[PDB]
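Take a look at the structure set out below.
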Amino acid sequence: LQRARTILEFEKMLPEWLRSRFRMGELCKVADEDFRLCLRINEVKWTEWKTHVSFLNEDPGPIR
Amino acid sequence: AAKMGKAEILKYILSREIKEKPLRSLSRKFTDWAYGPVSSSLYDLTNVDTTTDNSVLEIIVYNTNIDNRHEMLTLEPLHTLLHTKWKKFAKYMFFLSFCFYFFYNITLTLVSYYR
Amino acid sequence: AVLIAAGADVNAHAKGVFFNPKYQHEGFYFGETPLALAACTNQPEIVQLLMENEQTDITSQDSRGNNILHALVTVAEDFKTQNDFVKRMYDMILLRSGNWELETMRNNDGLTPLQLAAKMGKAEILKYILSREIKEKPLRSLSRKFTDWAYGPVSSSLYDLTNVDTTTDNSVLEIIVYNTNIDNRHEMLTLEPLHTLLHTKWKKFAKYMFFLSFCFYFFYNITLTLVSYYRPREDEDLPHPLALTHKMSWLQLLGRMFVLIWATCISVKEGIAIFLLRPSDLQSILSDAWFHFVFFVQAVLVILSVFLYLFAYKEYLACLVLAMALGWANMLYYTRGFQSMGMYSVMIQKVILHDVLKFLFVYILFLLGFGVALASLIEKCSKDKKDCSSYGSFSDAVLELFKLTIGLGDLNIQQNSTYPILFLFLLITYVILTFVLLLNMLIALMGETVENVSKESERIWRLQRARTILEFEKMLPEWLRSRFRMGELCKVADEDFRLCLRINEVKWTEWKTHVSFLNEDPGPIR
Amino acid sequence: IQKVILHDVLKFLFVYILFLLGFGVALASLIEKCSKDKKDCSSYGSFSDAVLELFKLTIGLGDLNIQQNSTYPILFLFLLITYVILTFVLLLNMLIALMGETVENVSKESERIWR
Ligand SMILES: CCCCCCCC/C=C/CCCCCCCC(=O)O[C@@H](COC(=O)CCCCCCCCCCCCCCC)COP(=O)([O-])OCC[N+](C)(C)C
Ligand SMILES: CCCCCCCC/C=C/CCCCCCCC(=O)O[C@@H](COC(=O)CCCCCCCCCCCCCCC)COP(=O)([O-])OCC[N+](C)(C)C
Ligand SMILES: CCCCCCCC/C=C/CCCCCCCC(=O)O[C@@H](COC(=O)CCCCCCCCCCCCCCC)COP(=O)([O-])OCC[N+](C)(C)C
Ligand SMILES: CCCCCCCC/C=C/CCCCCCCC(=O)O[C@@H](COC(=O)CCCCCCCCCCCCCCC)COP(=O)([O-])OCC[N+](C)(C)C
Ligand SMILES: CCCCCCCC/C=C/CCCCCCCC(=O)O[C@@H](COC(=O)CCCCCCCCCCCCCCC)COP(=O)([O-])OCC[N+](C)(C)C
Ligand SMILES: CCCCCCCC/C=C\CCCCCCCC(=O)O[C@@H](COC(=O)CCCCCCCCCCCCCCC)COP(=O)([O-])OCC[N+](C)(C)C
Ligand SMILES: CCCCCCCC/C=C\CCCCCCCC(=O)O[C@@H](COC(=O)CCCCCCCCCCCCCCC)COP(=O)([O-])OCC[N+](C)(C)C
Ligand SMILES: CCCCCCCC/C=C\CCCCCCCC(=O)O[C@@H](COC(=O)CCCCCCCCCCCCCCC)COP(=O)([O-])OCC[N+](C)(C)C
Ligand SMILES: CCCCCCCC/C=C\CCCCCCCC(=O)O[C@@H](COC(=O)CCCCCCCCCCCCCCC)COP(=O)([O-])OCC[N+](C)(C)C
Ligand SMILES: CCCCCCCC/C=C\CCCCCCCC(=O)O[C@@H](COC(=O)CCCCCCCCCCCCCCC)COP(=O)([O-])OCC[N+](C)(C)C
Ligand SMILES: CCCCCCCC/C=C\CCCCCCCC(=O)O[C@@H](COC(=O)CCCCCCCCCCCCCCC)COP(=O)([O-])OCC[N+](C)(C)C
Ligand SMILES: CCCCCCCC/C=C\CCCCCCCC(=O)O[C@@H](COC(=O)CCCCCCCCCCCCCCC)COP(=O)([O-])OCC[N+](C)(C)C
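Chains as they are written, first to last, in the deposited numbering: chain A, 694 to 757; chain B, 348 to 462; chain C, 232 to 757; chain D, 579 to 693.
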């Protein structure tokens with residue numbers, strides 16, 4: 694909690710053309726005509742098995 | 348929910364996923380790809396990142412009325428978001444603040460001892 | 232079942248980048264075959280449906296050289312994050328094959344599935360393999376545990392020592408001890424064919440070679456102390472005893488030539504062991520090879536004290552005194568021979584890393600911070616013409632604050648200060664920050680470190696003694712090594728001899744009728 | 579009292595005598611002959627005097643004088659500060675922490691041993 698205050702103080706200090714360069718996430722087409730600028734987190738789960746419905750990409754690799 | 352400090356409702360909203368097909372636009376968590384145990388996912392950063400004003404990350408950090416403000420930064424779209432800010436631009440601005448202030452106390456000690 | 236009966240290939244490999252990644256968060260490595268996918272994803276019905284088909288090649292090897300049994304060892308995890316099915320899939324496939332062909336293949340690194348489980352550090356699979364027992368009569372040759380005789384509660388058993396003892400190269404006992412990448416290397420030496428095997432090596436030849444190393448090194452520090460304390464204290468009496476400076480037929484000349492012979496035999500021997508073991512981790516040298524550097528430094532300073540004496544530089548006392556002080560602090564290595572004094576040296580090594588180094592960083596900040604602010608306040612000492620104050624310089628005000636912490640000397644506040652009240656305010660604030668706060672918080676923080684590592688200090692000690700035993704075993708020649716061999720040949724099955732080890736035990740809670748033994752007569756033979 | 583002497587005091591007194599006699603020779607072997615001042619130039623002249631001056635520094639009696647008759651005045655300070663860290667900071671504070679374990683175990687049994 695003490696280090697999180699120090700990070701947000703330095704982010705209000707730097708100018709605008711630095712702030713656009715240091716931006717997180719990328720635009721992802723989520724649904725029909727919707728773009729929401731999401732963040733990506735990977736994980737591994739072993740205990741619960743199921744058949745996979747409701748995904749976005751069929752090809753599971755990293756694109757390019 | 349961030350201003351009053353409600354932990355269990357804020358955990359539900361920030362990672363909400365609807366599997367049922369006609370109502371999938373209401374989610375904030377989306378499975379990008381999955382193959383066996385390994386899977387990937389996307390977390391929506393629309394009104395939680397600090398790009399706008401009165402963001403959810405800003406309300407939790409600068410809040411003095413609540414007491415569990417340190418248990419609310421372990422939530423999964425907020426823990427990774429503070430780690431990425433430190434790795435790109437905040438661990439270098441913090442090191443430059445240490446060198447300008449350590450050089451400041453040397454040049455104040457030496458001009459007061461070799462007076 | 233529809234696709235296999237229609238004529239699909241059941242041997243196709245997936246050789247892609249996604250199916251064989253470079254980082255573990257980008258893909259999923261499973262063994263590249265459709266037999267290995269159905270077993271690594273907990274599907275017992277499709278595995279049984281694939282092995283009955285006569286086209287399924289069950290001994291295939293993928294691009295890494297792995298087979299079906301190497302792939303199950305790679306994707307195994309603990310009990311907490313994965314239930315048990317890797318251990319149950321390892322048993323189903325082996326009992327269906329029915330021979331030793333899968334257990335003895337070698338991949339491109341040159342490792343069997345038994346050796347690979349020790350290299351990567353998989354605890355639950357290695358416990359299953361080293362004590363595996365099949366009661367069913369036609370498949371009893373696949374076991375590594377055999378019941379020799381049993382009568383009531385008392386029974387005996389044999390553990391196979393084929394590829395786990397150190398008779399061959401890259402043994403399972405050698406991989407566990409010399410492994411630095413894993414972290415649970417001290418929980419893997421409590422397994423039942425490995426715990427008894429390290430106890431037998433200590434009882435026959437390792438507790439006597441360890442005692443002879445203590446007597447040759449304790450006699451070495453006596454004959455270095457006495458030749459450096461009873462030195463001739465005259466520059467006109469120039470010849471030192473070492474290096475044989477003057478041939479005078481001096482009585483007790485064997486004492487100061489024993490130093491030169493034994494100091495080079497350490498610096499050559501310890502130079503090799505640093506050359507072979509090449510680490511990059513800072514954590515590795517403070518946990519495995521600390522006592523190889525400090526025996527090498529102590530032997531260099533004795534040799535370097537000889538060349539600077541024959542060149543007559545009057546610097547040799549600064550290298551002999553650093554050899555006596557370092558030499559008697561190295562005697563704390565020989566405490567691992569005892570359980571009581573061995574666990575006590577583990578707790579010293581944890582307190583210095585976790586509690587002392589944090590204390591010594593904050594204390595030097597306060598001692599040098601208040602040392603300038605008291606030395607910059609004292610006026611020039613010429614009005615009393617001699618010795619008006621003890622805080623005249625920075626190098627004197629630091630010394631007077633070091634003596635106030637340990638409690639020596641006297642406290643005089645009538646200095647030559649121009650501000651006598653401000654001098655008391657900075658001196659009392661130093662006493663509160665160090666005598667009250669820091670030196671009492673150090674005792675409270677050591678109460679946490681002791682309370683955590685006391686549940687682990689025994690198993691860290693047995694890992695340290697297991698390294699010492701395997702170093703003495705590589706040193707003795709071949710005709711000693713055949714005499715000190717463990718176990719005996721036991722006819723296990725039809726034309727099979729495996730050189731097993733015997734362990735007795737008593738079990739009361741589970742009763743059964745005894746089938747599948749080796750000897751009918753339960754006594755010790757002869 | 580009978581449990582602390584067996585488990586904690588005898589282990590402390592074995593490591594402490596190793597350091598007190600180990601650094602006692604290395605400080606007594608560094609002091610030059612005391613004839614140039616003709617009387618009482620140093621207190622570390624012999625092995626039996628350098629041991630006594632290190633015993634008095636642990637319990638906290640007397641005074642600390644570093645202007646001895648040493649030929650190497652910086653090496654004399656390096657071996658004297660290293661003795662203070664190993665005994666005053668490390669060993670005498672680890673003894674109090676290890677007695678906290680022995681008391682916490684035998685206090686559940688000290689009544690039945692008494693009867
Ligand atoms: C004795 C005097 C000479 C010492 C050698 C030379 C000194 C340099 C030191 C070198 C060794 C440093 C530690 C070695 C191993 C690293 C990890 C570790 O265990 O450290 C631990 C604490 O350690 C600290 O917090 C040290 C911080 C202060 C360092 C400077 C003070 C030294 C005293 C000299 C005065 C000022 C010196 C001025 C320079 C600034 C990390 O905490 P942990 O989480 O509990 O450990 C878990 C292990 N893990 C992190 C790997 C997971
Ligand atoms: C386990 C421990 C291992 C490591 C311990 C190793 C060191 C431990 C021990 C250290 C003892 C050091 C004191 C003696 C040094 C010799 C004198 C000297 O060089 O001072 C000179 C410069 O000094 C100045 O003129 C002013 C000082 C400015 C810098 C100090 C600021 C403190 C910041 C600190 C915060 C950063 C550190 C944070 C923590 C890292 C002046 O000398 P003098 O006063 O003119 O003396 C003349 C003597 N005479 C009068 C008789 C002729
Ligand atoms: C006070 C001064 C005079 C003392 C008498 C003469 C001295 C000789 C000593 C004799 C008595 C020894 C112990 C008596 C009972 C044995 C078991 C025991 O409890 O010891 C315990 C610790 O004990 C140690 O670790 C001692 C190790 C250092 C001994 C030398 C230092 C003595 C100080 C003199 C300076 C150097 C002397 C130079 C000689 C080298 C064993 O640890 P434990 O597991 O917690 O105990 C469980 C009991 N059990 C093991 C049976 C299961
Ligand atoms: C609870 C405790 C019970 C047990 C405690 C019992 C003992 C505790 C107390 C002990 C006090 C001992 C000091 C006084 C002894 C008398 C002097 C003497 O004999 O020294 C002689 C030999 O000494 C030498 O010449 C060099 C020493 C070599 C051996 C020491 C190496 C240290 C290794 C140690 C590591 C191994 C041990 C590890 C741990 C066991 C020389 O004497 P001197 O210097 O010429 O003196 C002249 C005096 N005069 C100048 C005034 C005339
Ligand atoms: C509770 C306390 C604990 C903390 C203590 C911390 C230490 C604090 C120390 C406080 C007192 C030291 C300063 C006093 C000044 C003396 C005067 C002097 O000669 O200055 C000298 C200082 O030279 C040095 O720097 C000292 C050398 C040792 C440095 C620290 C030891 C390293 C420990 C690592 C071992 C780790 C062991 C591993 C264990 C894990 C320089 O000489 P000068 O500049 O020319 O001065 C002129 C004087 N004259 C005219 C007479 C020549
Ligand atoms: C890749 C990303 C890195 C780029 C990002 C940097 C771009 C930024 C551009 C502009 C930012 C605005 C600058 C404000 C200036 C005010 C000064 C001041 O008061 O102290 C400030 C200095 O701490 C800093 O702000 C350091 C950041 C860089 C300073 C300016 C660049 C000079 C570089 C020169 C090159 C030198 C050599 C270079 C060697 C190669 C902050 O003080 P504080 O400590 O925060 O306050 C006290 C703490 N408290 C909050 C608890 C009270
Ligand atoms: C029943 C079973 C017993 C038989 C087995 C013995 C046969 C063995 C035959 C040959 C082994 C090879 C000898 C190597 C010599 C090198 C010397 C050296 O450097 O130090 C070595 C001495 O430690 C030993 O190796 C002791 C073993 C016996 C030494 C030789 C026999 C002399 C006996 C004379 C009779 C005397 C009087 C006899 C009284 C009756 C090892 O040094 P270290 O301490 O290991 O290294 C430092 C620790 N470190 C690893 C952390 C860095
Ligand atoms: C190269 C310089 C070394 C000298 C120290 C310099 C101080 C600064 C440097 C490094 C900082 C010291 C931190 C120690 C980190 C390891 C802890 C440890 O070893 O614990 C040990 C306790 O024995 C001791 O180490 C306590 C005694 C302190 C060192 C002796 C000082 C000698 C006098 C100084 C004058 C001579 C000057 C010499 C030339 C400068 C036992 O722990 P362990 O459980 O056995 O762990 C080892 C694991 N292993 C067995 C598998 C290997
Ligand atoms: C002593 C202190 C005095 C002061 C010192 C000052 C410095 C002090 C520094 C550190 C203090 C620590 C002291 C160092 C002790 C090291 C020795 C050791 O490890 O003992 C061990 C063995 O050792 C024996 O007891 C062997 C038997 C002795 C007779 C050997 C005859 C010669 C070999 C014949 C040559 C053949 C032919 C030769 C030609 C080739 C103890 O073993 P154990 O615990 O009883 O075993 C129980 C096993 N258990 C643990 C599983 C339950
Ligand atoms: C009054 C006793 C004083 C010491 C006797 C000294 C002379 C004796 C001469 C011959 C007797 C040989 C048989 C003794 C075997 C055990 C000794 C013992 O009980 O010490 C105990 C404490 O001691 C230590 O751990 C500190 C090390 C120094 C003292 C031990 C020396 C014995 C080594 C023998 C050869 C070196 C000969 C050196 C020549 C000078 C040992 O602890 P432990 O109980 O074994 O812990 C493991 C056992 N456990 C699993 C059951 C827990
Ligand atoms: C957030 C907004 C902030 C805005 C304002 C920021 C600016 C800051 C403003 C003012 C700064 C403070 C005063 C500095 C200037 C005067 C210094 C001075 O004269 O020394 C005085 C002492 O000095 C002290 O009393 C110690 C200073 C610390 C303050 C004590 C509070 C701690 C409470 C702890 C409770 C204990 C309290 C009592 C402790 C003593 C007196 O010294 P003297 O020697 O007698 O005078 C010389 C005359 N003679 C030579 C003839 C004798
Ligand atoms: C793995 C591969 C290894 C290979 C290499 C192995 C070989 C080893 C190589 C070299 C060994 C070290 C040097 C010995 C030879 C010179 C001795 C000497 O001159 O004394 C020097 C001090 O001596 C020291 O500084 C203390 C020695 C310990 C090293 C400090 C590191 C601890 C870090 C703790 C941080 C604090 C560091 C600062 C602590 C002071 C200076 O003494 P002097 O009195 O000023 O000189 C006389 C002049 N006068 C009389 C006019 C004054």
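The beta carbon of each residue, even a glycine, is placed where N, CA and C say it ideally should be.
Point to revise | Neighbour list for D/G640 in chain C, Cβ cutoff strictly below 9 Å | key: Taking the first residue of the fourth sequence as 1, we reach residue 640 of chain D at position 62. In chain order: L639 and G640.
Point to revise | Residues in the stretch 730 to 741 of chain A having any Cβ partner in chain G nearer than 7 Å | key: Considering every chain present, this structure includes no chain G. Its protein chains are A, B, C and D.
Review point. Using the beta-carbon count (16 or more within 10 Å), is A/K738 buried or exposed?
Key: For the purposes of this step, residue 738 of chain A is taken as the residue at position 45 of the first sequence. In this structure A/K738 is exposed. Its beta-carbon is surrounded by fewer than 16 other beta-carbon atoms within 10 angstroms.
Exercise for review: Compute the beta-carbon to beta-carbon distance between D/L605 and D/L657, rounded to the nearest angstrom, for a pair I have assumed lies under 8 Å.
Suggested key: Position 27 of the fourth sequence, counted from the first residue, corresponds to residue 605 of chain D. Position 79 of the fourth sequence, counted from the first residue, corresponds to residue 657 of chain D. Approximately 6 Å separates the beta-carbon atoms of D/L605 and D/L657; this is inside 8 Å, confirming the contact.
Point to revise | Counterpart residues of A/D727 in DSSP-defined beta bridges | key: In the first sequence, the residue the question calls residue 727 of chain A occupies position 34. The secondary-structure analysis by DSSP pairs A/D727 across a beta bridge with A/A724.
Exercise for review: Measure from the C-beta of B/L392 to each C-beta in chain A and report whether the shortest distance is under 8 Å.
Suggested key: Within the second sequence, residue 392 of chain B is the residue found at index 45, counting from 1. At least one chain A Cβ lies under 8 Å of B/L392.
Practice item. Could you name the residues of the same chain whose beta carbon sits closer than 6 Å to that of C/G486, not counting the 5 residues immediately before and after it, in chain order? Key: Here the question's residue 486 of chain C lines up with position 255 in the third sequence. Excluding residues within five positions, the ones whose Cβ falls inside 6 Å are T454.
**Study point:** Cβ pair count under 8 Å reaching 3, the stretch 383 to 400 of chain B against the stretch 722 to 734 of chain A
**Key:** A contact exists between the stretch 383 to 400 of chain B and the stretch 722 to 734 of chain A.
Review point. When the Cα of C/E465 is compared with those of C/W521, C/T398 and C/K545, which residue comes out closest?
Key: Here residue 465 of chain C corresponds to residue number 234 of the third sequence, with the count starting at 1. Distance check between C/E465 and each of C/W521, C/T398 and C/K545 places C/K545 closest, using alpha-carbon atoms only.
Check your understanding: Which of the residues in the stretch 456 to 471 of chain C, read from start to end, lie with their CB under 7 Å from any CB of chain D?
Key -> Within the stretch 456 to 471 of chain C, the qualifying residues are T456, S459, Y460 and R464.
Check your understanding: Taking Cβ-Cβ distances below 9 Å as the criterion, which residues of the stretch 241 to 267 of chain C are in contact with chain A?
Key -> Listed by position, the residues of the stretch 241 to 267 of chain C near chain A (Cβ gap below 9 Å) are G247, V248, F249, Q255, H256, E257, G258 and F259.
Review point. Is the shortest distance between the beta-carbon of B/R416 and the beta-carbons of chain A less than 8 Å?
Key: Mapped onto the second sequence, residue 416 of chain B falls at position 69. Closer than 8 Å: yes.
Review point. For the stretch 403 to 429 of chain B, which segments carrying the alpha helix (DSSP H) assignment without a break, of at least 4 residues, lie completely within its bounds, in sequence order?
Key: The qualifying runs are 403 to 408.
Check your understanding: Going along the chain, which residues of its own chain have a beta-carbon closer than 7 Å to the beta-carbon of D/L669, five neighbours each way excluded?
Key -> Taking the first residue of the fourth sequence as position 1, residue 669 of chain D is located at position 91. Closer than 7 Å at the Cβ level, and outside the excluded window around D/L669, lie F590, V593 and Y594.
Check your understanding: Within 8 Å (strictly less), CB to CB, does A/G718 reach chain C?
Key -> If you number the first sequence from 1, residue 718 of chain A lands on position 25. Chain C contact via Cβ: absent.
Check your understanding: Which runs of the alpha helix (DSSP H) fall wholly inside the stretch 624 to 704 of chain C and span at least 4 residues, in chain order?
Key -> Counting only runs of 4 or more, we get 625 to 637, 651 to 662, 670 to 684 and 688 to 704.
Check your understanding: Which class does B/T378 belong to by DSSP, given the choice of helix, strand or coil?
Key -> Here residue 378 of chain B refers to the residue found at position 31 of the second sequence. Residue state, collapsed to three classes: strand.
Exercise for review: Please decide whether C/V603 counts as near chain B, where near means a Cβ-Cβ distance under 8 Å.
Suggested key: One-based indexing of the third sequence puts residue 603 of chain C at position 372. Yes, its Cβ sits closer than 8 Å to a Cβ of chain B.
Exercise for review: Output the distance between the C-alpha atoms of B/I406 and B/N412, rounded to the nearest integer angstrom.
Suggested key: Residue mapping note: residue 406 of chain B aligns to position 59 of the second sequence, counting from 1. Residue mapping note: residue 412 of chain B aligns to position 65 of the second sequence, counting from 1. Rounded to the nearest angstrom, the two C-alpha atoms are 11 Å apart.
Review point. Measuring CA to CA, which of C/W710, C/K705, C/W559 and C/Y254 is closest to C/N452?
Key: Your numbering for residue 452 of chain C matches position 221 in the third sequence. The shortest Cα separation from C/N452 among C/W710, C/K705, C/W559 and C/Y254 belongs to C/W559.
**Study point:** Nearest to C/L507 (by Cα), restricted to the options C/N735, C/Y359, C/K614 and C/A520
**Key:** Your numbering for residue 507 of chain C matches position 276 in the third sequence. Answer by Cα proximity: C/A520.
Review point. If you run the structure through DSSP and keep just helix, strand and coil, what is C/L457?
Key: Mapped onto the third sequence, residue 457 of chain C falls at position 226. The DSSP-derived three-state label of C/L457 is helix.
Review point. Regarding D/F666 and ligand 5, is the C-beta to nearest heavy atom distance less than 7 Å?
Key: Numbered from its first residue, the fourth sequence carries residue 666 of chain D at position 88. Within the cutoff, so yes.
Check your understanding: Taking 7 Å as the cut-off, is the CB of C/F592 close to at least one heavy atom of ligand 1?
Key -> On the third sequence, position 361 is the one that residue 592 of chain C refers to. Checking the Cβ of C/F592 against ligand 1 gives yes.
Check your understanding: Hey, out of C/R295, C/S294, C/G602 and C/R319, whose CA is closest to C/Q274's CA?
Key -> The count along the third sequence starts at 1 and reaches residue 274 of chain C at position 43. Distances from the alpha-carbon of C/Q274 to those of C/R295, C/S294, C/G602 and C/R319 put C/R319 closest.
Point to revise | Limits of the unbroken alpha helix (DSSP H) element including C/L389 | key: Position 158 of the third sequence, counted from the first residue, corresponds to residue 389 of chain C. Run containing C/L389: none in the alpha helix (DSSP H); it sits in the beta strand (DSSP E), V385 to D391.
Review point. In terms of residue numbering, what span does the alpha helix (DSSP H) encompassing C/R487 cover?
Key: As a working mapping, residue 487 of chain C is identified with position 256 in the third sequence. Residues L485 to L507.
Check your understanding: If you measure beta-carbon to beta-carbon, which residues of the stretch 284 to 315 of chain C are closer than 9 Å to chain A?
Key -> Answer set for the stretch 284 to 315 of chain C: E308, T312, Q313 and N314.
Exercise for review: Report yes or no: is there a C-beta of chain C within less than 8 Å of the C-beta of B/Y448?
Suggested key: Walking along the second sequence from the start, residue 448 of chain B turns up at place 101. Not one chain C Cβ lies under 8 Å of B/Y448.
Exercise for review: Give the range of the alpha helix (DSSP H) segment to which C/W710 is assigned.
Suggested key: Taking the first residue of the third sequence as 1, we reach residue 710 of chain C at position 479. C/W710 -> alpha helix (DSSP H) spans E709 to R712.
Review point. Any C-beta of chain B sitting closer than 8 Å to the C-beta of C/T636?
Key: Numbered from its first residue, the third sequence carries residue 636 of chain C at position 405. No, its Cβ sits nowhere closer than 8 Å to a Cβ of chain B.
Check your understanding: Going along the stretch 602 to 631 of chain D in order, which residues come within less than 9 Å of chain C, judged by CB to CB distance?
Key -> Taken in chain order, the members of the stretch 602 to 631 of chain D whose beta-carbon sits within less than 9 Å of a beta-carbon on chain C are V603, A604, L605, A606, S607, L608, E610, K611 and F625.
**Study point:** Segment limits, alpha helix (DSSP H) that includes C/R716
**Key:** If you number the third sequence from 1, residue 716 of chain C lands on position 485. C/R716 -> no alpha helix (DSSP H), and no H or E assigned at all.
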